[PDB]
Amino acid sequence: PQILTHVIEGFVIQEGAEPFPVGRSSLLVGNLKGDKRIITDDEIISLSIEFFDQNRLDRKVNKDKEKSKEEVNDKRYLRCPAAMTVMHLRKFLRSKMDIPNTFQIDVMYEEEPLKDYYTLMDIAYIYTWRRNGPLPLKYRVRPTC
């Protein structure tokens with residue numbers, strides 16, 4: 001639902017409200033197949049992307065304003081070819097949010113921006129992501145000069 005297509009070089013990625021484990025099969029909670037022997041780049045990586053939480057003032061939305069439907073989740077989700085780079089993502093954001101060249105975009109894992117050559121695999125290997133959930137990315141804009 002609510003999935004949108006954008007092209008970034010070397011593959012087309014579709015991003016939006018990806019189905020959640022809650023609605024997915026409960027069997028996916030158990031010991032799913034996984035193997036560090038697999039180093040292929042013909043692989044799909046699941047991830048999220050949200051605006052770095054600077055405007056949240058270090059406050060939790062659900063904490064201050066708990067919803068009865070529990071609809072607090074400021075991300076967009078992405079099934080993405082693992083070969084894709086930070087450079088591609090920033091472009092995709094640049095295009096999605098219509099971001100002028102007047103600003104820079106930092107793509108970050110936690111607080112730390114990532115180099116534009118990093119592949120999504122490189123990130124999973126660097127940060128030792130364990131395929132528990134999507135790879136959580138963040139982003140932010142800065143004036144350039």
# chains A, B, ... in the order shown; residues from 1 in each chain; ligands from 1
>>> select_by_dssp(residues="chain A", states="strand (DSSP E or B)", output="PyMOL selection string")
chain A and resi 3-8+11-16+44-51+76-81+85+103-108+113+119+135-143
>>> select_by_dssp(residues="segment 10-69 of chain A", states="alpha helix (DSSP H)", output="MDAnalysis selection string")
chainID A and resid 61:64
>>> atom_distance(atom1="atom CA of residue 110 of chain A", atom2="atom CA of residue 58 of chain A")
14.0 Å
>>> closest_atom_pairs(of="segment 28-76 of chain A", to="segment 13-19 of chain A", cutoff="12 Å", atoms="only C-alpha atoms", output="JSON lines")
{"residue": "A:44", "atom": "CA", "partner": "A:13", "partner_atom": "CA", "distance": 10.5}
{"residue": "A:45", "atom": "CA", "partner": "A:13", "partner_atom": "CA", "distance": 10.9}
{"residue": "A:46", "atom": "CA", "partner": "A:18", "partner_atom": "CA", "distance": 9.4}
{"residue": "A:47", "atom": "CA", "partner": "A:15", "partner_atom": "CA", "distance": 9.5}
{"residue": "A:48", "atom": "CA", "partner": "A:15", "partner_atom": "CA", "distance": 9.1}
{"residue": "A:49", "atom": "CA", "partner": "A:15", "partner_atom": "CA", "distance": 9.4}
{"residue": "A:50", "atom": "CA", "partner": "A:16", "partner_atom": "CA", "distance": 11.1}
{"residue": "A:73", "atom": "CA", "partner": "A:17", "partner_atom": "CA", "distance": 10.6}
{"residue": "A:74", "atom": "CA", "partner": "A:17", "partner_atom": "CA", "distance": 10.7}
{"residue": "A:75", "atom": "CA", "partner": "A:17", "partner_atom": "CA", "distance": 8.5}
{"residue": "A:76", "atom": "CA", "partner": "A:16", "partner_atom": "CA", "distance": 5.0}
>>> write_last_selection(atoms="N, CA, C and O atoms", output="PDB file, in the first residue's frame")
ATOM      1  N   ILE A  44      18.144  -8.267  -2.380  1.00  0.00           N
ATOM      2  CA  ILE A  44      17.191  -7.265  -2.017  1.00  0.00           C
ATOM      3  C   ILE A  44      17.392  -6.969  -0.558  1.00  0.00           C
ATOM      4  O   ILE A  44      17.403  -7.811   0.309  1.00  0.00           O
ATOM      5  N   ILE A  45      17.499  -5.682  -0.280  1.00  0.00           N
ATOM      6  CA  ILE A  45      17.618  -5.269   1.081  1.00  0.00           C
ATOM      7  C   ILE A  45      16.385  -4.477   1.501  1.00  0.00           C
ATOM      8  O   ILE A  45      15.989  -3.557   0.829  1.00  0.00           O
ATOM      9  N   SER A  46      15.838  -4.820   2.656  1.00  0.00           N
ATOM     10  CA  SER A  46      14.742  -4.061   3.166  1.00  0.00           C
ATOM     11  C   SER A  46      15.302  -2.967   4.090  1.00  0.00           C
ATOM     12  O   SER A  46      16.170  -3.229   4.848  1.00  0.00           O
ATOM     13  N   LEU A  47      14.696  -1.771   4.038  1.00  0.00           N
ATOM     14  CA  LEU A  47      15.081  -0.651   4.852  1.00  0.00           C
ATOM     15  C   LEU A  47      14.048   0.441   5.137  1.00  0.00           C
ATOM     16  O   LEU A  47      12.979   0.408   4.577  1.00  0.00           O
ATOM     17  N   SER A  48      14.374   1.301   6.132  1.00  0.00           N
ATOM     18  CA  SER A  48      13.668   2.508   6.355  1.00  0.00           C
ATOM     19  C   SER A  48      14.563   3.736   6.260  1.00  0.00           C
ATOM     20  O   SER A  48      15.865   3.664   6.407  1.00  0.00           O
ATOM     21  N   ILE A  49      13.840   4.826   6.065  1.00  0.00           N
ATOM     22  CA  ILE A  49      14.330   6.170   5.807  1.00  0.00           C
ATOM     23  C   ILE A  49      13.396   7.229   6.407  1.00  0.00           C
ATOM     24  O   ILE A  49      12.290   7.416   5.952  1.00  0.00           O
ATOM     25  N   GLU A  50      13.901   7.962   7.381  1.00  0.00           N
ATOM     26  CA  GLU A  50      13.169   9.015   8.021  1.00  0.00           C
ATOM     27  C   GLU A  50      14.117  10.250   8.246  1.00  0.00           C
ATOM     28  O   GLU A  50      15.337  10.136   8.257  1.00  0.00           O
ATOM     29  N   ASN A  73       4.885   6.350  13.844  1.00  0.00           N
ATOM     30  CA  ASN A  73       5.990   5.735  13.118  1.00  0.00           C
ATOM     31  C   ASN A  73       6.422   6.598  11.939  1.00  0.00           C
ATOM     32  O   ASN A  73       5.951   6.414  10.816  1.00  0.00           O
ATOM     33  N   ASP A  74       7.321   7.541  12.199  1.00  0.00           N
ATOM     34  CA  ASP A  74       7.749   8.495  11.183  1.00  0.00           C
ATOM     35  C   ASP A  74       8.858   7.915  10.316  1.00  0.00           C
ATOM     36  O   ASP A  74      10.022   8.296  10.442  1.00  0.00           O
ATOM     37  N   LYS A  75       8.491   6.992   9.433  1.00  0.00           N
ATOM     38  CA  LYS A  75       9.421   6.471   8.438  1.00  0.00           C
ATOM     39  C   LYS A  75       8.733   6.267   7.095  1.00  0.00           C
ATOM     40  O   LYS A  75       7.505   6.287   7.006  1.00  0.00           O
ATOM     41  N   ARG A  76       9.530   6.069   6.051  1.00  0.00           N
ATOM     42  CA  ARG A  76       9.048   5.433   4.820  1.00  0.00           C
ATOM     43  C   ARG A  76       9.940   4.208   4.662  1.00  0.00           C
ATOM     44  O   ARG A  76      11.080   4.280   5.130  1.00  0.00           O
TER      45      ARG A  76
END
>>> atom_distance(atom1="atom CA of residue 81 of chain A", atom2="atom CA of residue 136 of chain A")
15.3 Å
>>> atom_distance(atom1="atom CA of residue 69 of chain A", atom2="atom CA of residue 134 of chain A")
22.4 Å
>>> residues_around(residues="residue 142 of chain A", least_positions_apart="5", cutoff="7 Å", atoms="only C-alpha atoms", output="list in words")
residues 103, 104 and 105 of chain A
>>> write_last_selection(atoms="C-alpha atoms", output="PDB file, in the first residue's frame")
ATOM      1  CA  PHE A 103      20.998  22.387   0.391  1.00  0.00           C
ATOM      2  CA  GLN A 104      23.158  19.318   1.147  1.00  0.00           C
ATOM      3  CA  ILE A 105      21.789  15.898   2.201  1.00  0.00           C
TER       4      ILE A 105
END
>>> residues_around(residues="residue 86 of chain A", least_positions_apart="2", cutoff="10 Å", atoms="only C-alpha atoms", output="PyMOL selection string")
chain A and resi 84+88-92+106-108+113-120+123
